[PDB]
């Protein structure tokens, strides 16, 4: 079915490093990205969870990118959902992400381990984590 993930990075395409952070007690969160072209975004979230913020971040990257995009996440949870290539989810947010994925021409989704010195990943982590932490 209909959408396909690239097997290797798209050379020359904007690369979005995404992350989210949420506070357990307070349920406040942030989602965001930084790109290799100097683009950045951080949005505040309420009544959220870590996994929801990580999915929110990918949705933003998808909304704000062109038809070809590389996305680098540290979330295995999100990776799983997207690599599974579902038709429909019970989650509205996942369905929105799916809708956006179909509208892309090429999407590469990479995973990196959190807090292991990957440049872009550390950058966005610091962004979304500030004030939440």
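Residue numbers count along the first chain shown, from 1.
Comparing 99-107 with 53-61, where is the mean C-alpha B-factor higher?
Of 53-61 and 99-107, the stretch with the higher C-alpha B-factor average is 99-107.
Would you determine, from the values in the PDB entry, which of 44-52 and 72-80 has the greater average C-alpha temperature factor?
Taking the mean B-factor of the alpha carbons in each, 44-52 is higher.
Compare the C-alpha B factor of residue 34 with those of the other modelled residues in its chain, then answer lowest, middle or highest third.
Answer is lowest: the recorded C-alpha B-factor places it there.
Based on the deposited C-alpha B factors for this chain, I'd like to know if residue 11 is in the lowest, middle or highest third.
Middle third by C-alpha B-factor.
Is the Cα B-factor recorded for residue 18 in the lowest, middle or highest third of its chain?
According to the entry, residue 18 has a C-alpha B-factor in the chain's lowest third.
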